[PDB]
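Coming up, as structure tokens: structure 1 and structure 2, two forms of one and the same protein chain.
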Structure 1
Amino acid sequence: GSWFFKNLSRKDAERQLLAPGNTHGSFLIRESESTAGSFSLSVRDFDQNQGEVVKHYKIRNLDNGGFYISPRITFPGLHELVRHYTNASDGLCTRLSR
């Protein structure tokens, strides 16, 4: 609805974030169209070698329904995962905006 997109592939996430109006830390969580429940966080950032890049992080699933990018911190849902990284990069290339 603003940050969550179903059936958004990597390349379509890339054209989306790499579009003007977006800044570093701009992101979206996307669900695979061929594997329901498979989430990926896509983040726009600067890379000293290549310029404006979009980094992809794999959101993993816990058998209890939880999610995590790093095994150091797991979340009950996606909103909790998004709120966390919006207040601290905590391992990520940059903190999320919004």
Structure 2
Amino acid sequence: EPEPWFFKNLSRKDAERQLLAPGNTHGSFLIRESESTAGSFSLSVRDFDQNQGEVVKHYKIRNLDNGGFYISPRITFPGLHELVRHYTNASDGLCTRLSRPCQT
């Protein structure tokens, strides 16, 4: 029963592909297993830029030894639910606030 935003095995390119597809918009996001760092996760989010138009940005979600997650060292969370709630409430460094999970 994965959360609506959790796409365990989706590649970075397929995340981009789906996030940029109809049904999604600015703020649309998903969390998937990182293709760069084994055992960690990546956050993919759609954003609208002045010149780029529609774009997707990726953030590495780093793991804290013995439990915990952070995108920026300055603020950590005990779990992904807390992290998603935090960035849903404030962009706090990110390119935009997390709005709705990727629609498929």
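Residues that one form lacks are left out of the comparison. Sequence positions of structure 1, starting at 1, serve as the residue numbers. Basically, rigid core = biggest C-alpha set you can superpose within 1.5 Å across the two forms.
For residue 52, a C-alpha deviation below 2 angstroms is recorded between structures 1 and 2 after rigid-core alignment. Relative to the superposed rigid core, the position of the CA of residue 37 differs between structures 1 and 2 by 2 Å or more. Once the core of the two forms is superposed, the Cα of residue 12 has moved 0.7 Å between structures 1 and 2.
Listed in sequence order, 32-37, 47-49 mark where three or more consecutive residues have CA shifts of 2 Å or more between structures 1 and 2 on superposition of the core.
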